[PDB]
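Next up: the same protein chain in two forms, each one alone, written as structure tokens (structure 1, then structure 2).
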Structure 1
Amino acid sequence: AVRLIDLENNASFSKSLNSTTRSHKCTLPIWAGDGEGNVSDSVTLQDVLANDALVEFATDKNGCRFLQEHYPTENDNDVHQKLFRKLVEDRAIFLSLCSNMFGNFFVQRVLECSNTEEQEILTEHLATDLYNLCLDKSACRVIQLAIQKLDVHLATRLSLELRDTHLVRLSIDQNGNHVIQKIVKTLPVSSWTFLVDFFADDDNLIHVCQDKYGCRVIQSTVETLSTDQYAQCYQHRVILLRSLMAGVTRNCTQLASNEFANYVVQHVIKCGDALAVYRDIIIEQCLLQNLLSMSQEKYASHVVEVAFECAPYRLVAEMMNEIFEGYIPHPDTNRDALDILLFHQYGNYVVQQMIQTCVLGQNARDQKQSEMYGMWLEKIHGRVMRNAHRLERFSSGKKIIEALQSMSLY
């Protein structure tokens, strides 16, 4: 008929009535409760809204599980809208419930049941303190389900909120690593080019690669930048990769002999498409005068193993000539690099890999290559036969013996 404008009744003191709980540990307000910390069967989401107790159920285990279980899936339901409004009315209570050990799961349930309009409010809330939210053990999950579920421009706004932050500290963090990995394995590369610019620095790249957590995010970025198929047709990723692989190839020696950055070095040796050039460089720069020394290291011997696995003949041949005739025999013991790596706790593996590639390559098309692999393998056989009495007693020596009976020199 006529206009009717309906202000909301205030409940200032009535919001404080939910502060009283049966338990010290439990946070469910006493009106909803068995007395055993479970929600009553008489409680309705409508009651939660009526009592203004969304935060208080989201802080409980059983109250939050109730919310997740009965939150409606369709975006046009009235209870869905009233609960979402109550969630996002206050930014501070939203970001507290994101940071809550139990409320995060409800924020994720909202993310699961979201449309584009709701995603806008959620993205603006997360953006205001994204860096600290993703540093938190609880919210980091919410941030990752955001990067999963959002529209790509909303997720890109979130990703770009990290543009000028302490990204070494976030990359090596036990929680933010998974966030950064999730971004680089999820969003298109334009959403996170600022990361690749960040690791154009040598020091940032070293401190992230020399970590159990940051080495895996560096692998995820490199594996994302390498996997294309639009060769020649433009080259944005190529330029990005290059600027990253520059440092890898410039600190290779250090990174390759590191507890964690070795995995990065072997990841670029294993991927033989866009990283092949870099694989070859890495071999040429840190490996190809240092094979004995690196095969005796507990970390670098794995890198030498995957280098023998994945190198091209041209380099495999220089590696083989290094081990067979590249070092001057010890002045006391009169033994070469091959003698040393046969009776080494780590080198043995390198020698086993040498055997493996010289048997796979014996079946190569180029006869010359087949002959060269055969005579390398023959040189290994002669040295193993002259040391077989001592090597037979070792597990590794037994693996070596049964590798060389399972060939055909032809």
Structure 2
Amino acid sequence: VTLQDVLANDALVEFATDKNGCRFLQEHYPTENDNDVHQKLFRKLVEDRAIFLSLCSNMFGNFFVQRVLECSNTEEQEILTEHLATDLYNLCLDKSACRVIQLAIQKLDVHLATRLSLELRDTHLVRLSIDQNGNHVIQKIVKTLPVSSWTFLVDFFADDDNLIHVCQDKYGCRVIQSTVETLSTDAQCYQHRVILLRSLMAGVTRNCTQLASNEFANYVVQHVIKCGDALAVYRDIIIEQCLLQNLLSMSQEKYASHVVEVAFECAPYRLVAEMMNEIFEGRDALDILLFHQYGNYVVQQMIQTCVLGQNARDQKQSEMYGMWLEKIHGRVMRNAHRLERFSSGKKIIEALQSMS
């Protein structure tokens, strides 16, 4: 069995759609673009546009299309880009063909991959971003191509309704986070990515209460708070304008209590002190959270924040961390008999008894 038999029998489809036949095609396809067998196999692949797209959508044929993409030059890439463009939206939703698309974003010349990226603008961008296959195509574009090739995505997610529908989705929350990560990492003299990030993050902070409460978008809100210097201004905006004056309610929520936790873990001192003051100065708020099924984890993070903050340098901050830790220690010791009956109050006591 040779490749010359495959060409003479006109049996590219039969080999490519078979598991062992495609592996034979992958291993023996000549890599050089001026090889005669290479050109004859490439012609058989792209002569019939419908045959090519069916091979892209085939469980085994897509691996051969990917191999052709790896060895492709600019002339071959021009033909492949034209074929993929005619059915690009459905190829991004297909289980096999989205892997052809994802490799094409990496492998094609940037102006060819930019053509495929920009073609998605007039399609259904929410349906792409939430598809089990399509969300990987969007993230591949964002992580690989220059921002000029996908700036329409930033404009699209600047609408609050688009952002909420995508960010609350199981897969779309990854799409929002990958866009945020790419725009927030660098530096740039004129800060074009900074301005683009500000447009995207404005929707995040406007709808942060709904997003922190959501089963999937709470991960995105946590990422902004936990990120560090890249998203530090947006972390502080989220804490000041959403979390403050709502800490008692959010610490009692199934998903938003995780947001309150990472805020206590990562806020600057000036915001930690406002958060501590809200809990302590309004059965008070600390008593509610100590016995709460979600709020007890917030108290445990409040304890760990004060334990680490005692070893700070400011020494006026370090006094306040000890003052807050002792105030938690006083309230736990008063209610220790009731707290010991459950694992939540036991873990709080075990954290306090490691020191005293």
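Numbers follow structure 1, counted from its first residue as 1. If you superpose the two forms and keep the largest set of C-alpha atoms that fall within 1.5 Å, you have the rigid core.
Here the rigid core is superposed between structures 1 and 2, and of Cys113, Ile206, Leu167, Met245 the C-alpha of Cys113 is the only one to shift by 2 Å or more. Fitting the two forms on the rigid core leaves the C-alpha of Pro312 displaced by under 2 angstroms between structures 1 and 2.
Core-superposed comparison between structures 1 and 2: the Cα of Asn77 travels 2 Å or more. Superposing the two forms on their core, we find that the Cα atom of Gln148 is displaced by 2.2 Å between structures 1 and 2. Superposed on the core, the two forms differ at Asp90, whose C-alpha moves 1.5 Å between structures 1 and 2.
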